[PDB]
Every structure is written in structure tokens, then in C-alpha cells.
């Protein structure tokens, strides 16, 4: 009859509370349990047979790699159950773009996986959480959502977990993608206008079942007068790969090039990303001789997205050439 959708709660602002109804930016995250969030949206029963499960209760800015894994493996078990048609995960918006992309790479299933959260706490007036959840379930319950990879439903849109990013603060249209939304969801119906072109879920070469722990990967910011300090400190403390968030097209200061070459020889992967994330992408060999130095470009992925792909990829390969190929297909 109706689809069986499971909601995995992880905390976030969607489960947070404020001092008054006028508090739409000042609140305490992860205060409400999954059962209460379901009860707050009575109409949910009209969309699917839904049951909630509290996986964790955290503010997403304080998420760890073990949390991601615990979440990834749990999702995998649910997707393996013939009694589960769709999966919705409520997650704080600060690192939601990171978790959504992670799942897109390691969940080998065509069942819909939808990640959702809200910019305003549930206690604020005109809170965006109720409709976001409703739309999340509506999409997870839809047959047309299968095989589209991980999705995020906020601001009446259906966004790809791959490249959607929290780009605007405070406002409910916080999440944007340089390549646009895949569609929209209005009054329960899903409307598609685009399809993903990058490898995901079922057609991914990675699998959360084979992963026991993630390699350490960190990010260093680049700007005027930057020195190699942050890069070396991160590498010396364990990083197996470093995401260079350079100016413009992954540009690197001449004062930092040496440390990067040295680090590369030492076994540390160097991936060039940038802090120009509204559009475009980093081109190989353009700003730096990547072939000569044996570095890797993150294509269009912003720093935090790059880190996620790098971590997953390195559980299978440590070959810079294979890494580049992966950054060009995922």
C-alpha cells in the first residue's frame, strides 16, 4: 500500500530549540528526539509508513569520522532490508553537505536516501523544519527517486548530495549547487528537470561494508602572505592527504610550492581545491604543473567536498593517477 520509510535522526538545528519564537538564528542544537519531530508533522502518515530511530544527538559542526561510519553502516543495513523502501536522515546543516556526499559514494543501493535539516529551530515562528521533513518523506516514498543518488530536500528543492553546499547563512535558501537543483517538491509531488551525470551509489566502486576506518585528511586555507606553516603542521600530525584551498584556480603561492613538493615526496597526497566555490572548477596543469609535481586537482569540489572524496578513494588507492581519475568521475 504505502511505502515504508525510516527516519534516522542525528540531531541538528531541526531538532534544536530557541529561547523565544523570535529566535531564528540563536538556538541550541540537538535537543529534540526523533519521535517528537515525527509527532510534530501529523500529515506524515499520508505519505508513508514511517518509523524513527535516534542514531545520535549532535550539532553537526562537531561530527567525527567515526560518526560518519556509524551512520554509513547503519544506513547500509536498512537498505539491505526488504522491509525498507526509503531512508531519510535529519542532520545539522553545517556539515550536511559533507555527510550527504559521503553517503553518495559508499551506499551501494538504488533505494532513495534523503538528507534534511533546517535553518531555523522548531521553536521559531515560521520554522522551515516541518515542511522540509514532510518533503523529505514525500521524496523518499517516491518511486521516481530511485537511482538518483543521495538527495537533499530543503527550500522546496531536490538537490544532489554530491555538489549541493551550504552557501548562504541565516536564510532558508542556504543550500545551492553550482550546477542547479535536480528538481522541486511541492504539495507532495516531485518534479524532475535534471539527472546526475557523476558516478554514485549503485555504480560506485566504493562500498561502506569494506571500510573499517577512514584515512586522515585535512584542509589548509590559502590567501595573501600565507606561509607553509599550516600545511606542514597538518602533515606532521598524521594527514595522509592535504586539501589545498587556494585562491582562484587552485593557485599556490611561490613560498608554499617547496613545502608541497617536499610533502609529496614524503608520501602525502596534495589535492588542489579552492575558495572560489560559486561555480567553475580547478583545471589540471593550469596554475601549477600537476603532472611534474604529481599532484591532484579537485575539479569542481569545494575543500570540504574534496576531503570526503579523498578519504573514501584512499581506502582503495594511493596512486595519484587513479586519484585524479576518481576526482573526474565522482
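Positions refer to the first chain, counted from 1.
The question of which stretch, 87-95 or 232-240, has the higher mean Cα B factor is settled in favour of 232-240.
Looking at 76-84 and 114-122 together, the entry lists the larger mean B-factor for 76-84, computed on C-alpha atoms. Residue set 63, 270, 283, 41: peak C-alpha B-factor at 41 (per PDB entry).
Across 299, 305, 275, 31, the greatest Cα temperature factor reported in the deposited entry is at 31. Annotation for residue 260: CA B-factor lies in the highest third of the chain's modelled residues.
Sort the chain's modelled residues by C-alpha temperature factor and residue 182 lands in the lowest third, per the entry. In this PDB entry, the Cα temperature factor of residue 313 sits in the middle third of its chain's modelled residues. In this PDB entry, the Cα temperature factor of residue 201 sits in the middle third of its chain's modelled residues.
Per the deposited record, the Cα B-factor of residue 143 falls in the highest third when ranked against the other modelled residues of its chain.
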